[PDB]
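One chain follows as structure tokens, the form deposited in one PDB entry.
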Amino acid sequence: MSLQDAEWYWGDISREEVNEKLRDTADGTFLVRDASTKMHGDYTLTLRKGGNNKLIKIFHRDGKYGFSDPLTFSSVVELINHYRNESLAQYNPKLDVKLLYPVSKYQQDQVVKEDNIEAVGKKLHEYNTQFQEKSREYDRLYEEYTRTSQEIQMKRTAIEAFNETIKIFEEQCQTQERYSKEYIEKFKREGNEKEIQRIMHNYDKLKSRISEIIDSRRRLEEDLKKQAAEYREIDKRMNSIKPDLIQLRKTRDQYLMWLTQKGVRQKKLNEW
């Protein structure tokens, strides 16, 4: 019935660290530290409620405990377990959850085999090597992902420019036929095939060039189609590497548990 050995007391843990432990958790998940003020015998309880991490200060006086001006309990373990049994709406109706889910310090200690020191000096260096390699691949993916992303929009605006040029050459064809039809028809009955072939020679050269830019557009739309697909492939590959990267980063992290078995960081200093 001691506080130091209790499940939900972690000790010198930082606020940013508990925020990293109640992330997306359920209402009622709770955890206590010694206050960030670093003052002896002064604590803070933080519990999940409404998607928020709500902190409360555990006051201490005359050896008693509590978190309001009227102060009662003998130990924090009595203060907590009381609110594990029934709701803390007694303190404040604005929040009415029980201290349902504790998060403990030395559960999730997922090292199972014979605890030879090589579980650190060997399997830690292994996971950390596996972590920095996969972390280097994800950084490489994100580099060519952003490179491909910008080359795509460069092409999307270039084909959009081709669209405007082709729109302007097509209206040129539709105005060539509008203003040349009845000059062709007039030249036809005057027997002036010479002038008819000047107009046709120029018209042929018009839609000869429009064919070149039309071909240049599809040749770019082809490069775009194929780079847009390799872009989606880079995306799904990153999405596959992210959860793995997090999994073996947490494994590398908790394999410092068995470094903490020695406490003094000699067994990682050797790898330094």
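In this text, rigid core is short for the largest set of C-alphas that superpose within 1.5 Å between two forms. Start at 1 with the first residue shown and count on from there.
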So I210 is built in this one, but is it left out in a third or more of the other compared PDB entries that include its neighbours? no
Please establish whether a third or more of the other compared PDB entries omit coordinates for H40. yes
For the higher mean C-alpha B factor in the entry, choose 29 to 37 or 209 to 217. 29 to 37
Taking the mean of the C-alpha B-factors per stretch from the entry, tell me the winner out of 165 to 173 and 135 to 143. 135 to 143
Name the one of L79, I152, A158, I196 with the greatest CA B-factor according to the PDB entry. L79
From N128, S74, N192, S180, which pick has the Cα B-factor that tops the rest in the entry? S74
With respect to C-alpha B-factor, does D253 fall in the lowest, middle or highest third of the chain as deposited? highest
Ranked by Cα temperature factor within the chain, is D62 in the lowest third, the middle third or the highest third? highest
Using the temperature factors of the C-alpha atoms in this entry, rank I184 within its chain: lowest, middle or highest third. lowest
Could you tell me which third, lowest, middle or highest, the C-alpha B-factor of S68 occupies within its chain? highest
Determine, from the deposited record, the chain-internal third of the Cα B-factor for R15: lowest, middle or highest. middle
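Keep in mind the form deposited in another entry is missing from the figure; the text below concerns it.
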Of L71, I152, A161, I117, the one whose Cα moves 2 Å or more between this form and the one not shown after core superposition: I117
Once you overlay the rigid core, does the Cα of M39 travel 2 Å or further between this form and the one not shown? yes
Classify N81 as shifted (yes) or not shifted (no) between this form and the one not shown, where shifted means its C-alpha moves by 2 Å or more with the rigid core superposed. no
Please determine whether the C-alpha atom of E137 is displaced by 2 Å or more between this form and the one not shown following superposition on the rigid core. no
Quick one: with a 3 Å or larger change, is the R33 to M257 CA distance smaller or larger in that other deposited form? Answer closer or farther. closer
